[PDB]
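Remarks on the overall topology
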Amino acid sequence: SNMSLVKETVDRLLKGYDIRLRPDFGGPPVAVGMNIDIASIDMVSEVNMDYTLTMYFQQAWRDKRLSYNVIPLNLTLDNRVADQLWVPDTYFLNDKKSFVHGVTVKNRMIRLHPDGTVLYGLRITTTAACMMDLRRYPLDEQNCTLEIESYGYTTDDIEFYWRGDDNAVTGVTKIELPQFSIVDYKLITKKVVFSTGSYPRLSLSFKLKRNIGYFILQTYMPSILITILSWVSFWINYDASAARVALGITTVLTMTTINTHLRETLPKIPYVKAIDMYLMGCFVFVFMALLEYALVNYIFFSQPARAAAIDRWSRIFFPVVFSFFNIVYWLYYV
Amino acid sequence: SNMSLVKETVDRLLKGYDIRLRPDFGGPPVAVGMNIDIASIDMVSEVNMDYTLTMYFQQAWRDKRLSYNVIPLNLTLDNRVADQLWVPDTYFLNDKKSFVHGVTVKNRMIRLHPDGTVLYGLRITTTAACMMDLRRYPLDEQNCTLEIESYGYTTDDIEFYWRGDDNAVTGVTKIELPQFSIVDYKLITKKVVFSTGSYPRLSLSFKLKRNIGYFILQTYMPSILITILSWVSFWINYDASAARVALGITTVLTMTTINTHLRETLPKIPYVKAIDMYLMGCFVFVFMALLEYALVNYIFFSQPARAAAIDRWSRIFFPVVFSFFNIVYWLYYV
Amino acid sequence: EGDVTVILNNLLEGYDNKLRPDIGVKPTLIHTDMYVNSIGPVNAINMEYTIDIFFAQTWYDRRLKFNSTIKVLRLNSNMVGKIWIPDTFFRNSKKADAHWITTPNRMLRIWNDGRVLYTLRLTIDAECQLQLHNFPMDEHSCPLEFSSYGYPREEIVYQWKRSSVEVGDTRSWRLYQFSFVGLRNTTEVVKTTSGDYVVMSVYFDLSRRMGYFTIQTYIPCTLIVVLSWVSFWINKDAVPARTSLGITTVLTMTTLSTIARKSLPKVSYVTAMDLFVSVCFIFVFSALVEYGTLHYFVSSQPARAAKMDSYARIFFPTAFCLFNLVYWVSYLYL
Amino acid sequence: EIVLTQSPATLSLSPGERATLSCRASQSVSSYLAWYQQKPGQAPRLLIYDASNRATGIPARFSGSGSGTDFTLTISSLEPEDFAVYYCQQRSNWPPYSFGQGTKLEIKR
Amino acid sequence: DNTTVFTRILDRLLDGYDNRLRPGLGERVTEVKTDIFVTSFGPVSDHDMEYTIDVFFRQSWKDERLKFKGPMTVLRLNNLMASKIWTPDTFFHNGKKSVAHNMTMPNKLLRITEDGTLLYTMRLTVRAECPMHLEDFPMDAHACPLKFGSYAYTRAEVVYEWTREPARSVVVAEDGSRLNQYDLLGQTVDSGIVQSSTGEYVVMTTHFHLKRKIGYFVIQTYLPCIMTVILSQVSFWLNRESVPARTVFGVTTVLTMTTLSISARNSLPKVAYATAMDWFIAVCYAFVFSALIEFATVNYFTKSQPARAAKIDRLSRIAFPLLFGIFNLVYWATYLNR
Amino acid sequence: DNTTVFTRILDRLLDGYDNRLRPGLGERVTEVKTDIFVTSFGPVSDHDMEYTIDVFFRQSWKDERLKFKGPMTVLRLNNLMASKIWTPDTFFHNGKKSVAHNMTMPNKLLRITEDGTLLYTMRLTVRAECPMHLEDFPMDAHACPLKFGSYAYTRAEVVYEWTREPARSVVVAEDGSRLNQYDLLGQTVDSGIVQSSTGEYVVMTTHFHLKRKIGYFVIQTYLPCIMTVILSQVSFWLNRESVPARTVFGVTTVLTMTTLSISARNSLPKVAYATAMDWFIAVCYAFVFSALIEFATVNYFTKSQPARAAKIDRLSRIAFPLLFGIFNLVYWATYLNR
Amino acid sequence: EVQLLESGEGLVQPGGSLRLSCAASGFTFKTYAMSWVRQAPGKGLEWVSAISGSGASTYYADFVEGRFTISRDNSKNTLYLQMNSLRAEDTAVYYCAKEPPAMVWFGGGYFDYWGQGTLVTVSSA
Ligand SMILES: *[C@@H]1O[C@H](CO)[C@@H](O)[C@H](O)[C@H]1NC(C)=O
């Protein structure tokens, strides 16, 4: 029957198949073509400087040792037969820890075609290193990549390319990151050199622009509004020493509380950033308001007219200088 | 040649070797000698009630089956031969999660000797459960053990002994824990009976003494100084009702802040401790000071003569009673 | 020797487990079932939920039919690797694992006519993107999808049994904030780089319970905003009293505002909780700024400030009540 | 232990009608319930096994159903010779095998 | 030549042995006698509603296929052998993620007696589900189980029994308790049957009864809240002309109360319903709020109705402590009788 | 026909070959020539005192039993044969948990030249323990080591050595630096001996030198502390009559400094002794407390010796600022020159 | 084709003994478990004892306190039941019934075929 025909075909193809030799062992390099279907992109870690992504990784080469013509169908074989075929030794140069999903069975595919094409699929979750520069954080754009390379074979043996050219990578447009938005991605096919020799390489890259609404609502509004509270002190008569002192110093304490809770809630990037600069600016502004009150209090016991003059000019200037600082900061960091 | 000689010897040894029979299967007990080179003690967690240590674990025994005399030198065989020899079934009764290191190859050693002695080394990382008594935290000493037993054999078959008497364990005087100090370690040897039969046991135990300076400068000094500030309100005049109330209740609030932040600074030990006793003592002292001011304020207008005397008596009383509390606490907990 | 042993030995003779039943005749039809043991915790931060199921699959394998008097073979997980097994996988699972203690938790049963039943126990960390608008008044219904990894619609077709997916208690489930409302199951065809695949879906309707959030966020915030209202009813010459009251209410509101979103991912849009908390903070801010303006105008237009005090007394509670009314009707409507 | 109870103790019906015999067990016997027919003067004959499956050669008019503790045997279009005593038998752990008291199915005139 | 006998005995033992077939396939219902020795009742994680337990799981049964005659009565076997004979495929019904220990070697033992009786001991850590009703937190007692049985063998094929009287078949080591926030009162064992679509299966259950310790929550939540309420009430014995003092006092007391409530709830896991601790928190917070608003009313009625202002100050002074004392009595009694 | 000769070479290459014996077991000492290419210097975890490093680990040694005479000069074996021959049992002495990557296939390679010389390159990630001496935190610098060698073979059997001049055998890529806190200054390779309880071994070492960035700590804790001290100073810069104002000012300054110190410590690792930042925060908190006590004295002596009150006020107004300034001068001068 | 033929009919005095035998033919005897079912005059069917298909395991009802004993011989293709310490309550028609082979219990739970049965009267008359 037809079942017996397929069985004898597969037994013949696997018979005397040397797993140690690539297709076209002595001859033109075997061309491996890659497809990636991004199933999802997961936590992008500023602290660890890496991101996790899940994908269906497919490779397609052409082996004549596996050519059959007795039947017209494409033979999808049980994935455990992939331990008897030659598959390319592709490896991601910048992955930290990756695995193939294994429920309910090892999530890999192997498909044969009558003209010898092998279609080799895997479902992989990878954590890849991303060089992240968070100097402009949170107003930053990150560029996260995934380099694909051959470990042993050189460019005279194995040649890499993308199947479908720009349609090789798919599913990128439907990823939904809570903290970023993918703005662009590129497919790069180049060649590189190591202490062993030339090597094929592919590269998939993404551009992630950090969403700013959360940071605005959660960080910038509190500091600005507490700065305005600090300002309100100017419109309290300079004889209200207790009131003005309480208002100013409690604004200082509130600014410190905001900064501390921001430290605890935000990621731990231990170098300076735009958010840190803004918080420092607002803290210094509140400190200046406290100092100018202290000056006015030391003054009006001698020159009440000068105390009133200082109060009026402070009323005018503090809002203006704060707004100008904001304009400079927002222009520089956007 | 010499290589042929050694190869034929090893084949002779491993031919006819039943991996299921102990040396002297029907004879007197096989004596297993154990060393340990402590490599580190990584993370002594009080919340998880455990500690991690890396060690080089050695076991030595005499197996007559592996005896040879055609060559004088010792055979250090490739570590994979250890799957072909009989090795004792040594287990750590109190471990939780442990592994043998496996890079670049499985970190294990198998060295033979002409008389039939076998030396079997393993590099292990063990997370062992160490029940801790934190009633006196942070002034406490913990007593963490490692119980090495045989899983299947009894003392008729296997007998365990520290190979080297009191030098069987080394490297324990170089360990530098970030928060403890190994004051003493001891080696023991005994026998244990379950419902399944008797067993030979070995025990390695350490004694840890927590370091106090961090805790002093972190938790103790601020509480004492907030209490001093709470007392300061006695000096202030009766009239400064706003000043005294503000000072007292701000001390209460800051004491609450210290308590609720040490909550998550310290490990989540959900029972009571000495640090809890001290911080509650400071809190009740501050509370009693604020109560004292409230009483003075109430009883002033009706009788300032007694109010002033009460304030002076509080000035005298609080420091001495707080010193008495500090003395009783420090002696009782040291 | 034994009857069943001979049956098994004959069944496994001349069997190729690399080839599906009817590899070149017709698609393998697989009926599927699920018994949901529990639905574990739903963590909106990582956008995943755990689920524990007994997963059963039934199909016909014409090579597994025997002619003995025994009607059914009842087997361990020992034959699972010996016969052909569909490569079903869960398309939206971040990680899944089978259970292996004490023995692999599979089951196999082969009937006289070649029918095969295969069951295994699974724990799945399914992924679903939670639209966190209306949080904490949000409802979710997110899926569990599975399909073959390597066999397109022309080889393997899945079909739900009459009563396929069944849930257990639902009383002991670990749904903290949610409440299981019901389930639905679906079938679809999905195009892929490999081919067209029959995708089977099960949906679980989860409704959040306000509970935690309502208590912690909503009640304290409302009473804190009421504190400024009560501040309005004090005096005009009580400058330190009003100023201190306003500033400390601002500090308390700032303390509250942080923990509202500690149960949320870093989403860059505004949720119901965030809108409520921000509105409350603006109410406190506006109350204190109103007092500041009134105190400034006490020297400019006392006649106008006399009106303003009662005008604020009237407006602030009314505005907050209208905000509550519109907010609650709109969100509860959704 | 398991005790099978058959109700009614008798069932008087006329040919061509539809009969229903009930066997109820004290505890669950899973699917292991069988039905036997004993025409007086002969040996029993297996009708239904595993509570739903017809034995070999049994006319299709005999049907059974149930599980756990409630089982039923239904005869459709009583033929004249289908008047006999019917027993239910269970396979369990505590009593290995056990029979019901029997239901006598007689003619109605 | 005294080892050749044992090697030949072991080699012959498996001759013609099929480990796909349970012992007594055509004669009996296989009957497995089980015993559990809890070496340490591991920690309980109320956040995950789970608990860990480390046990020596001993299962015994009979295998006539492994009868032998020889010099020895009891025969020791290694993992390579135990993997070749039939063993019951027990699993834990509510288990989440169990680990079998294999250092330095697999922590299993298999003994066979001349008459074919097998004893299979295994050391393994079990993480099991502990469904928790935290309504009476932190005064809640839990009784969460450990249920195990066979996968793929119905009660008509394999049945489990406790090797000794059930109550003495689960034994907890004296120093086993690794609990720091609970206390292990005892356990109850039982047997049963679970009905599935594939048949009826035997279930062996054991409930460990736990009682939460209260001292921590007392000394770090209850006393601070009670004392903050006491302060709020202490406000009443001041004089009305100390308006700034009373206002700052009340507002800072409310701030401290919010700090305490945040800390307490952040300590508790995130369950969406009200616990005894929440009731106490809310009532105390209400007392603080009511004291502040009462002071506001007193200040308002000063300068216009001084007689009524003093009257209400005296009335609040008298009433608020009585209300708080009654509430404490009722709350503590009603939650301690349970 | 080239395929035939290649397959025959591969098949005959392992005739009579035992992989349990190192090459030159009874005649010479095996020389292994090592070379590391550091691909990325992973993060340094201060809490766990560890660092992560990704490398391409190369080892070369000569094995006469693998000599072949064929058309090609070097043949690249498959991992199945890489597991069939002897390889050095290199391990990292201070490693904590390392991983040999095998996605999609084992990232290894074995190449044999006609002479019998093997080149064995692995790609692996090492998590090594780096002891920390945080006396100068955040002004501290460290030298994180990376020691490796043979686990079983003593100095008389296997010796390692760098494939080139040692300095140029450990190479770090230009962009191979994943450090946030630190900056990588340079490495220092060396070779030595270590005496274990099992014999003398060759140990190959490499120290990576690191220096901690300070600007974050400056801007995040040092500036707030200094500014809070300046507030404690402007307390003196204020009128003596405003008793409630000065009282609230000082006490809220103390509460702010408590908040700052509590926040600052959280970031630090759980060291047991006092770091430079602990010294600084303690002295600042002392200054704030002293300023409040000074105000207490001034208030006590006012209205009874107002001249003395003014005198001590002016004395503090001159003494505290310069005292704090000189403290800072000496502190920074001593700590920023080590 | 299948044929179960009980025998051993005969009077017995109370306290006596009797050996029923059931000759089987038409099927493989060693694969089926065989059982003894008795029906007292004017009563329902009652199960007496069962034997495994290899003869290794034997099961008896409660009312037979170690008095009966069941046995078989696969060479003769015969099923036996030695009865001892009889009583007048033991009078009944005794049937041998065969149970199909299965991997559950020690055979399917039911009796696929029955014998005609022999009357066994116990009375001193
Ligand atoms: C457990 O340890 C044994 C002893 O070396 C080993 O044979 C077995 O493969 C190990 N299992 C796993 C899963 O590592």
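Rules of the game
- Residues numbered from 1 in each chain as written, not as in the entry; some residues may be left out.
- Chains lettered and ligands numbered in written order.
- Heavy atoms only, no water.
- Near = heavy atom within 4 Å.
- Polar contact = N/O pair within 3.5 Å; in protein donor to acceptor, adjacent residues only side chain to side chain.
- Areas by Shrake-Rupley, 256 points an atom, 1.4 Å probe, with all protein chains shown as cover.
- Pairing = 2+ DSSP bridges.
- Helix = DSSP H or I, 4+ residues; strand = E, 2+ residues; numbered from the N terminus.
- Axes fitted to C-alpha atoms, helices over the stretch in contact; angles between N-to-C directions.
- Contact = heavy atoms within 4.5 Å.
- Buried area = accessible area lost by both parts, 1.4 Å probe.
- Salt bridge = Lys/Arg side-chain N within 4 Å of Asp/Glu carboxyl O.
- Nonpolar A, V, L, I, M, F, W, Y, C, P; charged D, E, K, R; others polar.
- Disulfide = S-S within 2.5 Å.
- Buried < 20%, exposed > 50% of the residue type's maximum accessible area, 1.4 Å probe, protein only.
- Domains from an automatic or database assignment.
- Expected span 1.5 Å × (residues − 1).

The record names cryo-EM as the way this model was obtained, at a resolution of 3.0 Å.

What follows is about the site of the ligand. Residue and element names in this part refer to chain E. Near the ligand you find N102, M105 and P106, and these make up its full shell. Here an oxygen atom of the ligand sits 2.4 Å away from a polar atom, N or O, in the side chain of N102. In the complex, 32% of the free accessible area of the ligand, which totals 360 Å², lies under the protein chains.

A few words now on the sheet that holds strand 4 (residues 88-90) of chain C. Residues and elements named next belong to chain C. Spatial strand order, 4-8-11-10: four strands in an open sheet with antiparallel pairing. Among the strands making up the open sheet, the edge pair consists of strand 4 and strand 10 (178-191). When the angles between neighbouring strand axes are averaged without regard to direction, this sheet yields 20°. Pairing between strand 8 (residues 139-148) and strand 11 (residues 196-208): eight bridges, direction antiparallel. Within strand 11, the residue paired with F146 across the bridge is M200.

Below, the discussion takes up the interface of chain B and chain F. Taken together, the contacts link 65 residues of chain B with 60 residues of chain F. Around 5,400 Å² of area is buried between chain B and chain F when both sides are counted, 64% of it from carbon and sulfur atoms. Summed over the shared surface of chain B and chain F, the number is one salt bridge. Where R20 of chain F meets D11 of chain B, a salt bridge forms, and the shortest distance between an N and an O atom there is 3.1 Å. Taken together, chain B and chain F are joined by 15 residue pairs in polar contact. Of all the secondary-structure elements, those providing two or more residues to the side of chain B that touches chain F are helix 1 (2-14), strand 1 (30-41), strand 2 (50-62), strand 3 (75-77), strand 6 (108-112), strand 7 (117-129), helix 2 (213-232) and helix 3 (241-265) of chain B. Tallied by class, the residues present in the side of chain B that touches chain F amount to 35 nonpolar, 20 polar and 10 charged.

Moving on, we get to the state of the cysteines. For the structure shown, the criterion picks out seven disulfides over all chains. Shown here is the disulfide that connects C130 of chain A with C144 of chain A, its sulfur atoms set 2.0 Å apart. Taking the sign of the S-S torsion, about -105° here, the bridge from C130 of chain A to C144 of chain A comes out left-handed. Of this pair, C130 of chain A sits in the loop between strand 7 (117-129) and strand 8 (141-150) while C144 of chain A is found in strand 8, placing the two residues 14 residues apart along the sequence. Covalently, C128 of chain C is tied to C142 of chain C through a disulfide, its sulfur atoms 2.0 Å apart. With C128 of chain C in the loop between strand 7 (115-127) and strand 8 and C142 of chain C in strand 8, the pair connects residues that are 14 residues apart, well separated along the chain.

Time to look at the pattern of salt bridges. All chains considered together, the criterion is met by 83 salt bridges over all chains. When the shortest N-O distance is used, the salt bridge between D140 of chain F and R212 of chain F registers 2.8 Å. In this pair, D140 of chain F is assigned in the loop between strand 7 (117-129) and strand 8 (141-145) and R212 of chain F in strand 13 (residues 200-212), connecting sequence segments 72 residues apart. For the pair shown, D140 of chain F and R212 of chain F are each scored as buried. Of the charged contacts in the structure, one is a salt bridge between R38 of chain G and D90 of chain G, with a shortest N-O distance of 3.4 Å. Separated by 52 residues along the polypeptide, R38 of chain G in strand 3 (residues 33-39) and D90 of chain G in the loop between strand 7 (78-83) and strand 8 (92-99) bring together distant segments of the chain.

Moving on, we get to the sheet that holds strand 11 (residues 180-193) of chain A. Residue and element names in this part refer to chain A. Taken in spatial order, the four strands line up as 4-8-12-11 in an open sheet, and their pairing is antiparallel. Each edge of the open sheet is held by one strand with a lone partner, namely strand 4 (90-92) and strand 11. Shown here is a sheet whose adjacent strand axes are inclined to one another by a mean of 20°, direction ignored. Here strand 8 runs beside strand 12 (residues 198-210); their pairing, made up of nine bridges, is antiparallel. Across the sheet, residue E141 finds its bridge partner in strand 12, namely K209.

Residue and element names in this part refer to chain A. Domain assignment breaks chain A into domain 1 (2-210) and domain 2 (213-332). Computed from C-alpha coordinates alone, the two centres of domain 1 and domain 2 are separated by 55 Å. With 12 residues of domain 1 in contact, the opposing surface of domain 2 contributes 12 residues. Buried area between domain 1 and domain 2, both sides added, is near 920 Å², and the carbon and sulfur share of it is 67%. Among the residues of domain 1 in contact with domain 2, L134, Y137 and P138 are the three that bury the most area, contributing 51% of the side total. Our count for the contact surface shared by domain 1 and domain 2 stands at zero salt bridges. In this assembly, domain 1 and domain 2 are joined by four residue pairs in polar contact.

Residue and element names in this part refer to chain A. Inspection of the secondary structure assignment puts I71 in the loop between strand 2 (50-62) and strand 3 (75-77). Among the residues examined, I71 registers a relative accessible area of 8% and is labelled buried. Linking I71 and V6, residues 65 residues apart in sequence, is a C-alpha distance of 7.9 Å. Apart from the residues lying within four places of it in its own chain, the contact partners of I71 are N2, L5, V6 and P114.

Let us look at the environment of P8 of chain D. Residues and elements named next belong to chain D. You can see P8 is positioned in the loop between strand 1 (4-7) and strand 2 (10-13). According to the relative accessible area criterion, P8 is partly exposed, its value standing at 30%. Along the sequence, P8 and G64 sit 56 residues apart, while their C-alpha atoms lie 16 Å from each other.

Moving on: helix 3 (residues 241-265) of chain A. Over its 25 residues, helix 3 of chain A extends 36 Å from the first C-alpha to the last, a length consistent with the 36 Å expected when each residue adds 1.5 Å. Among the 25 residues that make up helix 3 of chain A, 21 are buried, leaving the element largely enclosed by the rest of the structure.

Taken together, the contact between chain E and chain D spans five residues of the former and six residues of the latter. Carbon and sulfur atoms make up 33% of the area that chain E and chain D hide from each other, which totals about 440 Å². Ranking the residues of chain E by area buried against chain D places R155, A156 and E200 of chain E at the top, with a combined share of 79%. Summed over the shared surface of chain E and chain D, the number is zero salt bridges. In this assembly, chain E and chain D are joined by two residue pairs in polar contact. Class assignment of the residues belonging to the side of chain E that touches chain D gives a composition of three nonpolar, no polar and two charged.

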